[PDB]
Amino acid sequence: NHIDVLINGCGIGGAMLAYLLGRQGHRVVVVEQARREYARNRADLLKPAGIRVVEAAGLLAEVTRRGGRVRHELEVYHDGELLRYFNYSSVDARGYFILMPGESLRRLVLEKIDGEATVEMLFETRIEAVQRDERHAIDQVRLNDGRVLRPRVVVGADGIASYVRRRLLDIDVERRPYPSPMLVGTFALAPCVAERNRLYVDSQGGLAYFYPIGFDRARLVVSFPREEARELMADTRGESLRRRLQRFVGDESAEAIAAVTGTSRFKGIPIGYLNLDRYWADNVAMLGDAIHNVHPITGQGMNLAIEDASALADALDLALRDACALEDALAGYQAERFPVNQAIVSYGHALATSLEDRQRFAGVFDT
């Protein structure tokens, strides 16, 4: 019952870590509270560095074979006029980004994990108790199915409300909510949306981001002040919302507005603002939403989870092969990832807090 790594959470971050460790021959058990099939809303965006991880995992061809989309442009509008146009490929060819539903990528990764004999995935399972040795390393973990494991390393890949973080490391985080919630819905795909990603914001705090997802659908991400968001999402046949959009979303996206046939399918997007001071303690490390929360206006939750996963895999690989002490490996992991995650956490908060003020908002983008 000795294992190398116990991963708490089989979300995109934990799955990626499991596969990368598995590919190297390490003995991994992944504990996931939900069913494997269980499919929810999630982030959709892979940035260049996340794409490089997927390429290194041998998955990049399959991503677009499974309905992932390469893109290289964004338009940003404020009060119905074009504020910025970005071409991410103008100077660098690999500047492109990918839109891929997080759950489709996760499914792809789990398919690959099935093939890795040294990884065992336990769905509808949880950690029940842990014991620490005299050096305060976790040396034994009891699951809720009675299974006892003896892992060298424990990883929290268990998301924004992380059990590992809160219950195994006793870290609490103070969370002050933003005044505008975010919601996401999935609609039919209009030609304007297939053509180009378009983000719209206005002086009264509206936001509407339209982008294609999968083969034949479109995502619409919206934000409004809390009270107004409730009012709009109550005319469930969507006339109120459509009218609201028409105030700040121009004719280029008329068919994308018309695709918003009702509001019942909208789901709230969790919002945090966090970059933890410590990514690890003892033989416990964390990744993704367990250590940082970026405002979802950035779309980068999945991206940074995958980036973390790759860096942690490299660190744990070195430690498990005896090339460096676990404590040095984990320090190196944090040193690499903390400033990258920090930059995006600061950027998201900047965008979300500035979007009513046109040149201020413009100012955040330029950087």
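Note that residue numbering begins at 1 and tracks the sequence as displayed.
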{"query": "Average Cα temperature factor in the PDB entry - higher stretch of 301 to 309, 322 to 330", "finding": "322 to 330"}
{"query": "Mean Cα B-factor comparison, 244 to 252 or 231 to 239, giving the higher one as deposited", "finding": "231 to 239"}
{"query": "Candidate residues 196, 292, 132, 106, the one whose C-alpha B factor the record puts highest", "finding": "132"}
{"query": "Deposited CA B-factor, highest of 167, 71, 78, 219", "finding": "167"}
{"query": "Residue 177 CA temperature factor, ranked by third within the chain", "finding": "highest"}
{"query": "Residue 22, C-alpha B-factor rank within chain (lowest, middle or highest third)", "finding": "middle"}
{"query": "Third of chain Cα B-factors occupied by residue 364", "finding": "highest"}
{"query": "Within-chain third of residue 6 by Cα B-factor, per the entry", "finding": "middle"}
{"query": "CA B-factor placement of residue 62, once the chain's modelled residues are sorted into thirds", "finding": "middle"}
